[PDB]
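> Provided herewith: data39.txt, compact mmCIF, N, CA and C atoms.
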# COMPACT_ATOMS: atom_id res chain seq x y z
N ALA A 150 -6.77 -11.01 5.08
CA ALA A 150 -7.47 -10.74 3.83
C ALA A 150 -8.60 -9.75 4.02
N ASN A 151 -8.43 -8.79 4.93
CA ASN A 151 -9.42 -7.77 5.19
C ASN A 151 -8.71 -6.44 5.40
N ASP A 152 -9.50 -5.37 5.48
CA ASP A 152 -8.96 -4.01 5.54
C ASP A 152 -8.49 -3.72 6.96
N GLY A 153 -7.18 -3.55 7.13
CA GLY A 153 -6.61 -2.97 8.33
C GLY A 153 -5.84 -3.92 9.23
N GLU A 154 -5.92 -5.23 9.03
CA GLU A 154 -5.32 -6.19 9.95
C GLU A 154 -3.87 -6.41 9.56
N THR A 155 -2.94 -5.83 10.33
CA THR A 155 -1.55 -5.76 9.92
C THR A 155 -0.63 -6.07 11.09
N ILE A 156 0.59 -6.47 10.75
CA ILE A 156 1.70 -6.59 11.69
C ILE A 156 2.61 -5.39 11.48
N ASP A 157 3.00 -4.74 12.57
CA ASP A 157 3.80 -3.53 12.50
C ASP A 157 5.22 -3.80 12.99
N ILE A 158 6.19 -3.48 12.15
CA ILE A 158 7.61 -3.59 12.48
C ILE A 158 8.13 -2.20 12.77
N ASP A 159 8.94 -2.07 13.81
CA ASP A 159 9.47 -0.78 14.23
C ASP A 159 10.99 -0.81 14.15
N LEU A 160 11.58 0.29 13.69
CA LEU A 160 13.02 0.36 13.49
C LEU A 160 13.59 1.57 14.22
N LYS A 161 14.90 1.75 14.09
CA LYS A 161 15.60 2.91 14.61
C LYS A 161 16.70 3.28 13.63
N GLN A 162 17.15 4.53 13.71
CA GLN A 162 18.31 4.99 12.95
C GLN A 162 19.55 4.76 13.81
N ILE A 163 20.45 3.91 13.33
CA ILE A 163 21.57 3.44 14.13
C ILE A 163 22.86 3.66 13.35
N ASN A 164 23.76 4.46 13.91
CA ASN A 164 25.11 4.64 13.40
C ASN A 164 25.87 5.46 14.43
N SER A 165 27.20 5.45 14.29
CA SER A 165 28.07 6.13 15.24
C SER A 165 27.50 7.47 15.67
N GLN A 166 27.03 8.27 14.70
CA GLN A 166 26.51 9.59 15.04
C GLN A 166 25.27 9.48 15.91
N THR A 167 24.32 8.62 15.54
CA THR A 167 23.09 8.52 16.31
C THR A 167 23.36 8.01 17.72
N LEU A 168 24.36 7.14 17.87
CA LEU A 168 24.76 6.72 19.21
C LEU A 168 25.63 7.75 19.91
N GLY A 169 26.08 8.78 19.20
CA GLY A 169 26.93 9.78 19.81
C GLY A 169 28.36 9.34 20.03
N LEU A 170 28.74 8.17 19.50
CA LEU A 170 30.09 7.68 19.70
C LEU A 170 31.13 8.57 19.04
N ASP A 171 30.73 9.42 18.10
CA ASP A 171 31.66 10.40 17.54
C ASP A 171 32.20 11.33 18.62
N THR A 172 31.50 11.45 19.75
CA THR A 172 31.95 12.26 20.87
C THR A 172 32.94 11.54 21.77
N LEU A 173 33.26 10.28 21.47
CA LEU A 173 34.23 9.53 22.26
C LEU A 173 35.64 9.88 21.79
N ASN A 174 36.47 10.35 22.72
CA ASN A 174 37.88 10.60 22.45
C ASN A 174 38.69 10.31 23.70
N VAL A 175 39.65 9.39 23.58
CA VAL A 175 40.45 8.96 24.73
C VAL A 175 41.76 9.71 24.84
N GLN A 176 42.06 10.61 23.91
CA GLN A 176 43.36 11.26 23.89
C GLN A 176 43.49 12.25 25.04
N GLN A 177 44.73 12.48 25.45
CA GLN A 177 45.06 13.47 26.47
C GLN A 177 46.02 14.49 25.89
N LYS A 178 45.78 15.76 26.20
CA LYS A 178 46.54 16.85 25.59
C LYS A 178 48.02 16.74 25.93
N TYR A 179 48.86 16.91 24.91
CA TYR A 179 50.30 16.91 25.12
C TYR A 179 50.75 18.21 25.78
N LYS A 180 51.96 18.19 26.34
CA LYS A 180 52.57 19.38 26.90
C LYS A 180 53.34 20.07 25.78
N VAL A 181 52.66 21.01 25.11
CA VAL A 181 53.21 21.64 23.92
C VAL A 181 54.47 22.43 24.28
N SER A 182 55.36 22.55 23.30
CA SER A 182 56.53 23.41 23.43
C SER A 182 56.93 23.87 22.03
N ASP A 183 57.66 24.98 21.98
CA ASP A 183 58.05 25.59 20.72
C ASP A 183 59.51 26.03 20.79
N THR A 184 60.10 26.21 19.61
CA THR A 184 61.47 26.70 19.49
C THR A 184 61.54 27.64 18.30
N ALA A 185 62.59 28.46 18.28
CA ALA A 185 62.73 29.46 17.24
C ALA A 185 62.78 28.81 15.85
N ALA A 186 62.66 29.64 14.83
CA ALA A 186 62.71 29.20 13.44
C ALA A 186 63.43 30.26 12.62
N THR A 187 63.84 29.87 11.42
CA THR A 187 64.61 30.72 10.52
C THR A 187 63.79 31.06 9.28
N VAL A 188 63.82 32.33 8.89
CA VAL A 188 63.16 32.82 7.69
C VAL A 188 64.21 33.44 6.78
N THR A 189 64.21 33.03 5.51
CA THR A 189 65.29 33.37 4.59
C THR A 189 64.73 33.88 3.27
N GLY A 190 65.49 34.76 2.63
CA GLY A 190 65.25 35.13 1.25
C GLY A 190 64.19 36.20 1.08
N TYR A 191 64.12 36.72 -0.14
CA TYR A 191 63.12 37.68 -0.56
C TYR A 191 62.29 37.08 -1.69
N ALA A 192 60.97 37.22 -1.59
CA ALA A 192 60.06 36.74 -2.61
C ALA A 192 59.68 37.87 -3.56
N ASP A 193 59.52 37.52 -4.83
CA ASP A 193 59.11 38.51 -5.82
C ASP A 193 57.65 38.89 -5.62
N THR A 194 57.27 40.03 -6.18
CA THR A 194 55.94 40.58 -6.02
C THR A 194 55.39 41.00 -7.38
N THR A 195 54.05 41.01 -7.47
CA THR A 195 53.41 41.43 -8.71
C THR A 195 53.74 42.87 -9.07
N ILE A 196 54.21 43.66 -8.10
CA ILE A 196 54.60 45.03 -8.39
C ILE A 196 55.74 45.03 -9.39
N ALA A 197 55.61 45.84 -10.44
CA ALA A 197 56.56 45.86 -11.53
C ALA A 197 57.68 46.85 -11.27
N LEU A 198 58.90 46.46 -11.61
CA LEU A 198 60.07 47.30 -11.41
C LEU A 198 60.11 48.43 -12.43
N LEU B 397 -17.93 12.17 -16.74
CA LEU B 397 -16.56 11.78 -16.47
C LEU B 397 -16.22 12.00 -15.00
N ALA B 398 -15.53 11.04 -14.41
CA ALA B 398 -15.28 11.02 -12.98
C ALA B 398 -13.91 11.61 -12.64
N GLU B 399 -13.82 12.16 -11.43
CA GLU B 399 -12.60 12.81 -10.97
C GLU B 399 -11.48 11.79 -10.78
N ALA B 400 -10.28 12.31 -10.54
CA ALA B 400 -9.14 11.51 -10.09
C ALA B 400 -8.82 11.94 -8.66
N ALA B 401 -8.86 10.99 -7.74
CA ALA B 401 -8.69 11.31 -6.33
C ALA B 401 -7.30 11.89 -6.07
N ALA B 402 -7.24 12.82 -5.12
CA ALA B 402 -5.99 13.45 -4.72
C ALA B 402 -5.40 12.83 -3.46
N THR B 403 -5.97 11.72 -2.98
CA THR B 403 -5.47 11.06 -1.79
C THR B 403 -5.73 9.56 -1.92
N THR B 404 -4.92 8.78 -1.21
CA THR B 404 -5.02 7.33 -1.28
C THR B 404 -6.32 6.85 -0.66
N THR B 405 -6.89 5.80 -1.24
CA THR B 405 -8.15 5.25 -0.74
C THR B 405 -7.94 4.55 0.60
N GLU B 406 -9.02 4.44 1.36
CA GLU B 406 -8.99 3.87 2.69
C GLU B 406 -10.10 2.84 2.83
N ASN B 407 -9.79 1.74 3.51
CA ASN B 407 -10.68 0.59 3.60
C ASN B 407 -11.17 0.18 2.21
N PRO B 408 -10.25 -0.08 1.28
CA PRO B 408 -10.69 -0.34 -0.10
C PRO B 408 -11.25 -1.74 -0.30
N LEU B 409 -10.69 -2.74 0.38
CA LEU B 409 -11.13 -4.10 0.14
C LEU B 409 -12.56 -4.33 0.61
N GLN B 410 -13.02 -3.55 1.60
CA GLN B 410 -14.43 -3.63 1.98
C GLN B 410 -15.33 -3.16 0.85
N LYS B 411 -14.96 -2.05 0.20
CA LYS B 411 -15.72 -1.59 -0.96
C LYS B 411 -15.69 -2.63 -2.06
N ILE B 412 -14.53 -3.25 -2.27
CA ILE B 412 -14.42 -4.30 -3.29
C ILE B 412 -15.36 -5.45 -2.96
N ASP B 413 -15.41 -5.83 -1.68
CA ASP B 413 -16.29 -6.92 -1.27
C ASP B 413 -17.75 -6.58 -1.51
N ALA B 414 -18.15 -5.35 -1.17
CA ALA B 414 -19.53 -4.95 -1.43
C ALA B 414 -19.83 -4.98 -2.92
N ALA B 415 -18.89 -4.52 -3.73
CA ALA B 415 -19.04 -4.60 -5.18
C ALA B 415 -19.28 -6.04 -5.62
N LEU B 416 -18.42 -6.95 -5.17
CA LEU B 416 -18.59 -8.35 -5.53
C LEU B 416 -19.94 -8.86 -5.08
N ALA B 417 -20.42 -8.40 -3.92
CA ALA B 417 -21.74 -8.80 -3.45
C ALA B 417 -22.81 -8.39 -4.44
N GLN B 418 -22.75 -7.14 -4.90
CA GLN B 418 -23.70 -6.70 -5.92
C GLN B 418 -23.62 -7.60 -7.15
N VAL B 419 -22.40 -7.89 -7.59
CA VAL B 419 -22.22 -8.67 -8.81
C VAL B 419 -22.87 -10.03 -8.66
N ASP B 420 -22.57 -10.72 -7.56
CA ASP B 420 -23.09 -12.07 -7.40
C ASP B 420 -24.60 -12.05 -7.21
N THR B 421 -25.14 -11.01 -6.58
CA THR B 421 -26.60 -10.91 -6.47
C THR B 421 -27.24 -10.86 -7.85
N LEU B 422 -26.72 -9.99 -8.71
CA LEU B 422 -27.28 -9.90 -10.06
C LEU B 422 -27.10 -11.21 -10.82
N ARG B 423 -25.93 -11.83 -10.69
CA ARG B 423 -25.69 -13.11 -11.35
C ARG B 423 -26.70 -14.15 -10.90
N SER B 424 -26.95 -14.22 -9.59
CA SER B 424 -27.88 -15.21 -9.06
C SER B 424 -29.28 -14.98 -9.60
N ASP B 425 -29.74 -13.73 -9.61
CA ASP B 425 -31.08 -13.46 -10.12
C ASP B 425 -31.19 -13.87 -11.59
N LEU B 426 -30.20 -13.48 -12.39
CA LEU B 426 -30.25 -13.79 -13.81
C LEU B 426 -30.20 -15.29 -14.04
N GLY B 427 -29.47 -16.02 -13.20
CA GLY B 427 -29.54 -17.46 -13.28
C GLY B 427 -30.92 -17.98 -12.96
N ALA B 428 -31.53 -17.45 -11.90
CA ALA B 428 -32.79 -18.00 -11.41
C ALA B 428 -33.88 -17.90 -12.46
N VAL B 429 -33.98 -16.76 -13.14
CA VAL B 429 -35.09 -16.59 -14.08
C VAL B 429 -35.10 -17.71 -15.12
N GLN B 430 -33.93 -18.25 -15.44
CA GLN B 430 -33.87 -19.32 -16.42
C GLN B 430 -34.67 -20.53 -15.98
N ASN B 431 -34.89 -20.70 -14.67
CA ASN B 431 -35.71 -21.81 -14.20
C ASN B 431 -37.16 -21.61 -14.61
N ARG B 432 -37.67 -20.39 -14.42
CA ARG B 432 -38.99 -20.08 -14.94
C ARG B 432 -39.06 -20.44 -16.41
N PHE B 433 -38.04 -20.04 -17.17
CA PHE B 433 -38.09 -20.29 -18.61
C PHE B 433 -38.12 -21.78 -18.92
N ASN B 434 -37.30 -22.57 -18.23
CA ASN B 434 -37.26 -24.01 -18.49
C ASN B 434 -38.59 -24.67 -18.16
N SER B 435 -39.15 -24.34 -16.99
CA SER B 435 -40.42 -24.94 -16.62
C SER B 435 -41.52 -24.53 -17.58
N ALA B 436 -41.49 -23.28 -18.05
CA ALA B 436 -42.46 -22.85 -19.04
C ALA B 436 -42.32 -23.65 -20.32
N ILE B 437 -41.09 -23.94 -20.73
CA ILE B 437 -40.88 -24.78 -21.90
C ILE B 437 -41.53 -26.14 -21.70
N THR B 438 -41.30 -26.73 -20.53
CA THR B 438 -41.86 -28.06 -20.25
C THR B 438 -43.38 -28.04 -20.33
N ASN B 439 -44.00 -27.09 -19.64
CA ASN B 439 -45.45 -27.00 -19.64
C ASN B 439 -45.97 -26.74 -21.05
N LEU B 440 -45.25 -25.93 -21.82
CA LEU B 440 -45.65 -25.67 -23.19
C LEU B 440 -45.67 -26.96 -24.00
N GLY B 441 -44.63 -27.77 -23.87
CA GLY B 441 -44.61 -29.04 -24.59
C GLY B 441 -45.79 -29.91 -24.22
N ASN B 442 -46.04 -30.05 -22.91
CA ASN B 442 -47.18 -30.86 -22.50
C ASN B 442 -48.47 -30.33 -23.09
N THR B 443 -48.65 -29.01 -23.04
CA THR B 443 -49.88 -28.41 -23.53
C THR B 443 -50.05 -28.65 -25.02
N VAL B 444 -48.99 -28.47 -25.80
CA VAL B 444 -49.13 -28.64 -27.24
C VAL B 444 -49.49 -30.08 -27.56
N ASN B 445 -48.84 -31.04 -26.89
CA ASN B 445 -49.15 -32.43 -27.18
C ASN B 445 -50.61 -32.75 -26.85
N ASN B 446 -51.07 -32.33 -25.66
CA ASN B 446 -52.43 -32.63 -25.26
C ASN B 446 -53.44 -31.98 -26.21
Have the structure of the file written as structure tokens, please.

Amino acid sequence: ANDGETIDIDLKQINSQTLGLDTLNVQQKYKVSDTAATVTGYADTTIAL
Amino acid sequence: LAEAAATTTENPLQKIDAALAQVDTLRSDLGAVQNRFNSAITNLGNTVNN
């Protein structure tokens, strides 16, 4: 009941980002491979005939 | 006319306490004088009767 006599509570900002857990990744890169593909047909164009 | 402060007050309850101290001092004095008045009334009655 006087000026200044207080109890102080202290906090932190806590979430995945603040803990840096967003940087956790357990995956391992696959051995990529590719194969040919087919392209077909003619598309129309805004150019007028 | 008094200003409006641009910052929050500090140690305000101490100022409030000092204010209350002033108030009660004045109250006490104003109460006390009534004793003089009462005793004067008593002495006046005795004097008039005698």
> Once you count only C-alpha atoms, which residues of chain B turn out to be within 12 Å of chain A? Could you give them as a ChimeraX atom specification?
/B:405-413
> Would you give me, as a count of residues only, the residues in chain B that DSSP reads as alpha helix (DSSP H)?
38
> Hey, can you check how far atom N of residue B:431 sits from atom N of residue B:444?
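The value is 19.6 Å.
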> If you measure from atom C of residue B:441 to atom CA of residue B:424, what distance in Å do you get, rounded to one decimal?
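Distance between the two atoms: 27.7 Å.
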> Suppose you want the space between atom N of residue B:399 and atom N of residue B:420; what is it in Å?
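That distance, rounded to one decimal, is 24.8 Å.
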